[PDB]
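Trainee: After the structure tokens below, expect a handful of questions from me.
Note that we place each Cβ from the backbone using ideal geometry, even for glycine, and neighbour counts take in every protein chain shown. Since every read-out is calculated from the coordinates, none of them should be taken as a lab result.
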Amino acid sequence: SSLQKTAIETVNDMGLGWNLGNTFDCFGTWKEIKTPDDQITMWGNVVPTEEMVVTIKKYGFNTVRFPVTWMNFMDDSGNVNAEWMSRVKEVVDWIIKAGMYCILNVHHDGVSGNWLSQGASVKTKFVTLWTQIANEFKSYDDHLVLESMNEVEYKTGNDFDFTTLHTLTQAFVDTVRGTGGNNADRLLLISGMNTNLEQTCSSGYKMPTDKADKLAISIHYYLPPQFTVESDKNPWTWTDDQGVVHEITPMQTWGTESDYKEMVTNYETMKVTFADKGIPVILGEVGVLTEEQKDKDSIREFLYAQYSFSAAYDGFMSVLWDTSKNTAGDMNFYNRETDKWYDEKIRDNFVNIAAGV
Ligand SMILES: [Cl-]
Ligand SMILES: [Mg+2]
């Protein structure tokens, strides 16, 4: 029998996803990071155990995205501390043992001010890092998916710099594929431009080349931003040259007729641009702030609608951004320590979508 799946078949099998957020991804200059646990716990989550990482499966999830920030464990030439790599591998091994997919990435390394935000002039360091990650996991089967980076924005003037992005994503593909083994054919998730739907689906976006034809595209679904990611208690502002401060109005509800038409239009854009061309779409983060004044029925309806579209559209999936508890982050859905969901109806909706009902 065939022992390979196409890119679309792989994302279809990946089912529903969930992120292990605000854990291996943490960073902050204020913390002197000397050991893995120093980074892992610095935002308020505990050191995760096997049960904390894989129990999500019983709620209908088949993919764990494992966001990892690497810079504090890289020496001056980009070599990754062996203990850090071992701790990353341990979590990957838990996910794989549970029969789930793992998406492993390079996360806050690309934030403005961190090294990967510099663009193509750090390609050498990016290749050094991915060579090490790729070699560490080269033998892993196709339930391990590697994601080039997270949310990077490169510009030249006020135009988006798709060339710099492509230089980096192509270096990622070439480096991973070049190591051979199962890296020759595993699904690779390619970052969109700032994971932005509009920019990634624009005519300027430049997908990298892959002889294996085993690439997916990464877009993050925080649309509309005023509902999903804008604080209600501390709204976003802008200030003019004379000191007048303007509030950008946050939204607390979602679900009007035009809201649904906007979501459908977004999926259609992604379908025509990527899935219809054989490139599946991993919506590697979706979420809504949970510690603000967002209407709880609207949070539930938004996630239900979005995951339902990801289930209805061939070659798509959604991956929930979740920080576990409100002393550790701002989007809290499943408390991995207590095995309890904050909203039982959010939980039930995931179970039902996963089951096809
Ligand atoms: Cl003025
Ligand atoms: Mg599907």
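Trainee: Are any residues in the stretch 9-58 under 18 Å from the mean Cα position of the chain (by Cα), aliphatic (A, V, I, L, M) and either away from ligand 2 (no atom under 16 Å from the Cβ) or surrounded by fewer than 18 Cβ atoms within 10 Å (Cβ to Cβ) (or both), and if so, which ones?
Mentor: Answer for the stretch 9-58, where residues must be under 18 Å from the mean Cα position of the chain (by Cα), aliphatic (A, V, I, L, M) and either away from ligand 2 (no atom under 16 Å from the Cβ) or surrounded by fewer than 18 Cβ atoms within 10 Å (Cβ to Cβ) (or both): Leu20, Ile40, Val53, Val54, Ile56.
Trainee: If you scan the stretch 207-238, which residues turn out to be surrounded by fewer than 21 Cβ atoms within 10 Å (Cβ to Cβ) and among the polar types (S, T, N, Q)?
Mentor: Hits for the stretch 207-238 are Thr209, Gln226, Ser231, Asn234, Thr237.
Trainee: Separate question: Hey, does the stretch 309-327 have a residue that's charged (D, E, K, R) and either within 21 Å of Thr55 (Cβ to Cβ) or surrounded by 18 or more Cβ atoms within 10 Å (Cβ to Cβ) (or both)?
Mentor: yes
Trainee: Can you tell me how many residues within the stretch 280-294 are touching an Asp or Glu at 6+ places or on another chain (Cβ under 9 Å) and either in a loop (DSSP other than H, G, I, E, B) or acidic (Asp, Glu) (or both)?
Mentor: So the answer is 9.
Trainee: Return a yes/no flag: does the stretch 205-216 have any residue that is out of contact with any strand residue (DSSP E or B) (no Cβ under 7 Å at 6 or more places or on another chain), part of a loop (DSSP other than H, G, I, E, B), β-branched (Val, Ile, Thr) and within 16 Å of ligand 1 (Cβ to nearest atom).
Mentor: The answer is no, given that none of the residues of the stretch 205-216 is out of contact with any strand residue (DSSP E or B) (no Cβ under 7 Å at 6 or more places or on another chain), part of a loop (DSSP other than H, G, I, E, B), β-branched (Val, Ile, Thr) and within 16 Å of ligand 1 (Cβ to nearest atom).
Trainee: Ok, one more. Return the residue satisfying two criteria in turn: it lies in the stretch 53-81 and is in contact with a helix residue (DSSP H, G or I) (Cβ under 9 Å, 6 or more places away or on another chain) and assigned to a helix (DSSP H, G or I), and of such residues it is nearest to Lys31 (Cα to Cα).
Mentor: Top of the filtered list is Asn72.
Trainee: Still on this structure, I have one more. Mind checking which pairs have a first residue in the stretch 228-252 that is within 16 Å of ligand 1 (Cβ to nearest atom) and a second that is part of a loop (DSSP other than H, G, I, E, B) and among the aliphatic types (A, V, I, L, M), Cβ under 8 Å, 6 or more apart or different chains?
Mentor: Sorted first by the residue in the stretch 228-252, then by its partner, the pairs are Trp238/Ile248.
Trainee: Restricting to the stretch 311-332, and then to whatever is within 16 Å of ligand 2 (Cβ to nearest atom) and either without any contact (Cβ under 8 Å) to a residue 12 or more places away in the chain or within 15 Å of the chain's Cα centre (by Cα) (or both), can you tell me which residue is farthest from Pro67 (Cα to Cα)?
Mentor: If we take residues in the stretch 311-332 being within 16 Å of ligand 2 (Cβ to nearest atom) and either without any contact (Cβ under 8 Å) to a residue 12 or more places away in the chain or within 15 Å of the chain's Cα centre (by Cα) (or both), then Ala312 is farthest from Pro67 (Cα to Cα).
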